[PDB]
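Q: Take a look at this one; I'll ask things after.
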Amino acid sequence: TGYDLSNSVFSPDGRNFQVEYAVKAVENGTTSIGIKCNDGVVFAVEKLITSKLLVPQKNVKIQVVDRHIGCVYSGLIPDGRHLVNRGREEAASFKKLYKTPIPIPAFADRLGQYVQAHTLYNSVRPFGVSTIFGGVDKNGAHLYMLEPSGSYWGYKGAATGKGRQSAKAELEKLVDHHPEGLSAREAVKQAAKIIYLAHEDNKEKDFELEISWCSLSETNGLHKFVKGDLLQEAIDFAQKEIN
Amino acid sequence: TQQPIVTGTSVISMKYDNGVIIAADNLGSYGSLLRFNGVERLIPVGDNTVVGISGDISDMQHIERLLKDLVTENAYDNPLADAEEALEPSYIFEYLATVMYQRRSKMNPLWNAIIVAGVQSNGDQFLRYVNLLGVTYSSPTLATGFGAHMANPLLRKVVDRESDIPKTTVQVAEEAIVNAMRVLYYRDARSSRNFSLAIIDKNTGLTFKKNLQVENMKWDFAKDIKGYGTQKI
């Protein structure tokens, strides 16, 4: 007994229970998704309005890394900010040494090695976030998801949070229906729809939709937040699509 | 840097009624060898700042990388990085000046002279200088190196005090800048005929002109110069 009391300890099955408890902490968080399109990626997140005292459009959740990487996370938000700070340091170091901006797989492995190192000792706690990130590099679009265990993979679509299951279902539908790939604007619309759909698990509280994207043609390979007319168009698409 | 290697010469600049102008030649010298041409010594930052740098070229490229990372950092977690919380010319100056004085005090200077020029968010004209010693000063006209000796006397005959700034049009100021560039090409032995010129106007934004050339030079009288005194043929 007592195998779950200390991080980096192996249970007789070969498990690290503290990582699984961090995963529970992640599953407690709001829903965030990413969708890989034909020439970029789209990130979307639901933000619960606990009270109307919250300032709308403020309290931004999606973070930018370098000028081409977008990161969103579900779980303990300060842990996600810590991970994003480390990733920004890693990208800055890579650019300073090699001149070119850090490729998306390289940045993915940087984040992954960091999170994995956070499971090697009992003097540190695993990250209480799952992180969807990615962007456009010299090899095209890349979308990645990273788990508290340090595990990470590349995805056509990814989702975490309390509504991760319906999101994954809708993403599998989108993948099966579009073997050619989605365009950036269509991907923004579908992300809005999937966020509105997965919100039903938090139906008792209002939510605010936050979208960003990095498209080779629509954003010129740079990370930009979807705001203004395009955001309202995606909101209306989702609204008339839930009916 | 303990001694400069690849160097760039004067950087000139002045204020006018609606903004600032700054210019510098496209030459990187290697001692008395005019080694590299097409060297851009004007670093535009944002839509409202241009940094003219003279001195050690490697240190200038280091400052380029510094400004690039500064823009990237200001973008982070800043939903107003393109509006109210965008980088101001005064911010960029104060940062560069802090760096210059810290490097001088650590006895390892960035062998440079720098003029930051731009328009503030409220429309004010910003034009300030900082060199490898950490020395800072501001004036309606600002020049480094030989420019300080030759460009300033000309440019000051247009804007002698602050009161002349509203009276000065952008055409007059640009004409003065180009004439000063021609004079420097006449008399500076480490200068180039090709140069770049940037206007920061509080209405038209940043205008960047590359591959300019010194024109309308007077050279005919050279034919009438025989010997060095008594020679007649």
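Within each chain, counting starts at residue 1; across the structure tokens, chains are named A, B, ... in the order shown, with ligands numbered 1 upward in that order.
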For residue 81 in chain A, find every residue with an atom within 12 Å (counting only C-alpha atoms), except residues of its own chain fewer than 3 positions away, and show them as a list in words.
A: residues 60, 61, 62, 63, 64, 65, 71, 72, 73, 74, 75, 76, 77, 78, 84, 85, 86, 87, 88, 127, 128, 129, 130 and 131 of chain A; 76 and 77 of chain B
Q: Set the cut-off to 10 Å and count only C-alpha atoms: what are the residues of chain B that reach chain A? Output as a PyMOL selection string.
A: chain B and resi 65-66+69+71-73+75-79
Q: Work out how far apart CA of residue 202 in chain A and CA of residue 50 in chain A are and give it in Å to one decimal.
A: 11.0 Å
Q: May I ask which of the residues A:147, A:236, A:204, A:218 is the closest one to residue 190 in chain A, counting only C-alpha atoms?
A: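 Ranking A:147, A:236, A:204, A:218 by distance to residue 190 in chain A, first place goes to A:236.
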Q: Just list as a ChimeraX atom specification whatever in range 7-229 of chain A DSSP marks as strand (DSSP E or B).
A: /A:32-36,40-48,63-65,69-75,129-137,140-146,152-154,157-160,207-215,223-226
Q: Of the candidates A:230, A:238, A:188, A:214, which one gets nearest to residue 33 in chain A if we count only C-alpha atoms?
A: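 Looking at the shortest contact to residue 33 in chain A, the residue is A:188.
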Q: Could you name the residues that touch residue 203 in chain B at 10 Å or less, counting only C-alpha atoms, but leaving out those on the same chain fewer than 6 positions away, as a ChimeraX atom specification?
A: /B:18-19,119,123
Q: If you run DSSP over the backbone, which residues in range 36-165 of chain B end up helix (DSSP H, G or I)? Put them as a ChimeraX atom specification.
A: /B:57-75,89-105,146-155,162-164
Q: Please provide as a ChimeraX atom specification all residues within 12 Å of residue 91 in chain B, with the sequence filter that same-chain residues fewer than 2 positions apart are discarded (counting only C-alpha atoms).
A: /B:45-46,48-49,67,70-71,74,85-89,93-98,116-121,126,128
Q: Which residues are near residue 139 in chain A? Cut-off 10 Å, only C-alpha atoms, ignore same chain within fewer than 6 positions. Put them as a VMD selection string.
A: chain A and resid 103 to 105
Q: Go ahead and compute the interatomic distance for CA of residue 9 in chain B and CA of residue 26 in chain B, in Å to one decimal.
A: 9.3 Å
Q: Hey, what's within 8 Å of residue 54 in chain B if we count only C-alpha atoms and toss same-chain stuff fewer than 6 positions away? As a PyMOL selection string, please?
A: chain B and resi 7-11+41+60+112-114+144
Q: Let me make sure I understand: among B:33, B:159, B:92, B:150, which one has the smallest atom-to-atom distance to residue 129 in chain B if we use only C-alpha atoms?
A: B:92
Q: What lies within 8 Å of residue 22 in chain B using only C-alpha atoms, ignoring chain neighbours under 3 positions off, as a PyMOL selection string?
A: chain B and resi 11-14+50+52+117+177+197-199
